[PDB]
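Chemist: Let me give you the structure first, and then I'll get to my questions.
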Amino acid sequence: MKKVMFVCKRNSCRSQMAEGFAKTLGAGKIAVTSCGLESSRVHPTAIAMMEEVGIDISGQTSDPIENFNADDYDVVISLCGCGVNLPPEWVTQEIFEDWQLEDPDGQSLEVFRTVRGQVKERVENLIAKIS
């Protein structure tokens, strides 16, 4: 068992789906948390798009990187869409990755599904390495 932590720009989307897939598919293999370098609120279409696959993220909302502990998360992931490099301990992990996906907020549910499938596949490929 190792820990994974997701960063997004305002923690509204991507990162929250990454916790959604990892908490389901990595259940008992890993432990997971979602955050961002800024905070807003969870995007309500994100929950609807995880409910298409029977996964619940409604108990999550946005939380800031500044309250969290990068030193304990064995892995840290960035999902910001460029403009972000995490200069502190947020890149001194056992593994760090950056998943530069599309931005579904104000797009269409096919664009949310297009992002969701990529967030899922990066998580399934990661948890099998760090279990």
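The way I read the labels, and the way they are meant: chains A, B, ... in the order of the structure tokens, residue 1 as the first residue of every chain, and ligand 1 as the first ligand shown, with later ones counted on from there.
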Each residue of segment 10-81 of chain A lying at most 8 Å from segment 98-111 of chain A should get a row with its shortest atom-to-atom pair and the distance in Å to one decimal, counting only C-alpha atoms; could you produce that, ordered by chain and increasing number, as a Markdown table?
Modeler:
| residue | atom | partner | partner_atom | distance |
| --- | --- | --- | --- | --- |
| A:13 | CA | A:105 | CA | 7.9 |
| A:43 | CA | A:105 | CA | 7.5 |
| A:45 | CA | A:109 | CA | 7.9 |
| A:49 | CA | A:109 | CA | 7.6 |
| A:77 | CA | A:98 | CA | 5.7 |
| A:78 | CA | A:98 | CA | 4.5 |
| A:79 | CA | A:99 | CA | 5.0 |
| A:80 | CA | A:100 | CA | 6.5 |
| A:81 | CA | A:100 | CA | 4.7 |
Chemist: Using DSSP on the backbone coordinates, identify all residues within chain A classified as alpha helix (DSSP H); present the result as number ranges by chain.
Modeler: A: 15-25, 44-51, 109-130
Chemist: Would you mind telling me which residue in A:16, A:118, A:69, A:24 lies nearest to residue 44 of chain A when using only C-alpha atoms?
Modeler: A:16
Chemist: Quick check, in Å to one decimal: how far apart do atom CA of residue 55 of chain A and atom CA of residue 27 of chain A lie?
Modeler: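 Atom-to-atom, atom CA of residue 55 of chain A to atom CA of residue 27 of chain A, that is 12.4 Å.
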Chemist: Nearest to residue 129 of chain A: which of A:59, A:83, A:26, A:64 is it, counting only C-alpha atoms?
Modeler: A:26
Chemist: Measure the distance from atom CA of residue 11 of chain A to atom CA of residue 73 of chain A in Å and round it to one decimal.
Modeler: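 Going from atom CA of residue 11 of chain A over to atom CA of residue 73 of chain A, I get 17.2 Å.
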Chemist: Which one of A:95, A:25, A:115, A:84 sits closest to residue 4 of chain A if you count only C-alpha atoms?
Modeler: A:95
Chemist: Please extract the residues of chain A with a backbone DSSP assignment of strand (DSSP E or B) and present them as a list in words.
Modeler: residues 2, 3, 4, 5, 6, 7, 8, 27, 30, 31, 32, 33, 34, 35, 36, 64, 75, 76, 77, 78, 95, 96, 97 and 98 of chain A
Chemist: Hey, can you check how far atom CA of residue 113 of chain A sits from atom CA of residue 7 of chain A?
Modeler: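 Taking atom CA of residue 113 of chain A as the start and atom CA of residue 7 of chain A as the end point, the length is 19.6 Å.
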Chemist: Find, counting only C-alpha atoms, the residue in A:5, A:128, A:119, A:57 that gets nearest to residue 91 of chain A.
Modeler: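 The closest residue to residue 91 of chain A is A:5.
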Chemist: Near residue 60 of chain A, counting only C-alpha atoms, which residues have an atom at most 10 Å away, once you skip same-chain residues fewer than 3 positions from it, shown as an NGL selection string?
Modeler: :A and (11-12 or 16 or 19-20 or 33-35 or 41-42 or 47 or 56-57 or 63)
Chemist: Just the residues within 12 Å of residue 89 of chain A, please, counting only C-alpha atoms, with nothing from its chain fewer than 3 positions along; format it as a ChimeraX atom specification.
Modeler: /A:65-66,68-76,85-86,92-96
